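For reference, the structure is listed below as structure tokens.
Hydrogens, waters and symmetry mates play no part in the numbers below; they use all other heavy atoms, side chains included. Counting convention: from 1, in listed order, for ligands and their atoms alike. Residue indices begin at 1 and follow the sequence shown.
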Amino acid sequence: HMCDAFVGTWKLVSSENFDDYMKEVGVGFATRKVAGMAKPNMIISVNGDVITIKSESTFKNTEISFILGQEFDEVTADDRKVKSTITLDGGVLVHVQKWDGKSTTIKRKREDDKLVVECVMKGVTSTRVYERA
Ligand SMILES: O=C(O)c1cc(-n2cccc2)ccc1Cl
């Protein structure tokens with residue numbers, strides 16, 4: 001029951017500072033522009049100890065499956081090859097990606113009826129708000 005309140009289908013309803021976040025991560029112009037238009041569906045499911053997160057949009061369809069605290073390799077929507085670890089910290093899903101000596105953290109939080117995603121790279125944060133589909 002570890003992630004019960006995250007499970008479901010979520011749709012993006014707002015974004016702030018995502019272009020800047022993508023710049024900070026190193027995404028090039030054309031990818032930023034097309035990725036920034038996307039309105040993804042985030043589909044979260046749990047089966048035993050395995051959590052699956054899908055992100056589906058006109059830009060890219062991605063899927064990760066993982067066990068909390070157990071590192072895995074991920075190819076991101078912007079084509080970085082990263083080492084990822086996802087943990088639960090005080091009810092927040094904390095996703096850290098490491099690649100080429102860099103790091104970014106993506107936090108997923110339930111707030112009222114929303115699922116709030118905060119993406120941070122060095123001093124640049126973006127907030128992406130999802131509602132139930
Ligand atoms: O599927 C996603 O959630 C997604 C992820 C990105 N992204 C680019 C650099 C880091 C993340 C862009 C656009 C989308 Cl739609």
With atoms numbered from 1 as shown, which atoms in ligand 1 lie under 4.0 angstrom from a non-hydrogen atom of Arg80?
9 (C), 10 (C)

Using a 4.5 Å cut-off on heavy atoms from C-beta on, say whether the side chain of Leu68 contacts that of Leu93.
yes

Closest protein heavy atom (residue, atom, distance) for atom 3 (O) of ligand 1
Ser55 OG, 3.1 Å

Which of the numbered atoms in ligand 1 are under 4.0 angstrom from any heavy atom belonging to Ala35?
12 (C), 13 (C)

Would you say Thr104's side chain and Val120's backbone share a donor-acceptor pair under 3.5 angstrom?
yes

Reported OG-to-OH distance for the pair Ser15 and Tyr21, which is rounded to 0.5 angstrom:
11.5 Å

Closest to atom 14 (C) of ligand 1 among protein heavy atoms sits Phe59 CD2, 4.2 Å

Applying a strict 4.0 Å limit to heavy atoms, is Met42 in contact with ligand 1?
no

Taking only non-hydrogen atoms of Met22 and a 4.0 Å limit, the atoms of ligand 1 in range are 8 (C), 9 (C)

For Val27, take its heavy atoms, then give the atoms of ligand 1 lying under 4.0 Å from any of them.
9 (C)

Look at the side chain of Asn41 and the backbone N and O of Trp10, then say whether any donor-acceptor pair between them is shorter than 3.5 Å.
yes

Just which atoms of ligand 1 are under 4.0 Å from any heavy atom in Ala38?
15 (Cl)

For atom 7 (N) of ligand 1, what is the nearest protein heavy atom, given as residue, atom name and distance?
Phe18 CZ, 3.8 Å

Within the distance-only criterion (no hydrogens, no angle test), does the side chain of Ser57 pair as donor or acceptor with the backbone N or O of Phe59 below 3.5 angstrom?
yes

Are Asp100 and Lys102 close enough for a salt bridge, meaning some N to O gap below 4.0 Å?
no

Any side-chain donor near an acceptor of the partner, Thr87 and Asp89, under 3.5 Å
no

Considering heavy atoms of the protein only, find what lies nearest to atom 5 (C) of ligand 1 and give residue, atom and distance to 0.1 Å.
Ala77 CB, 3.9 Å

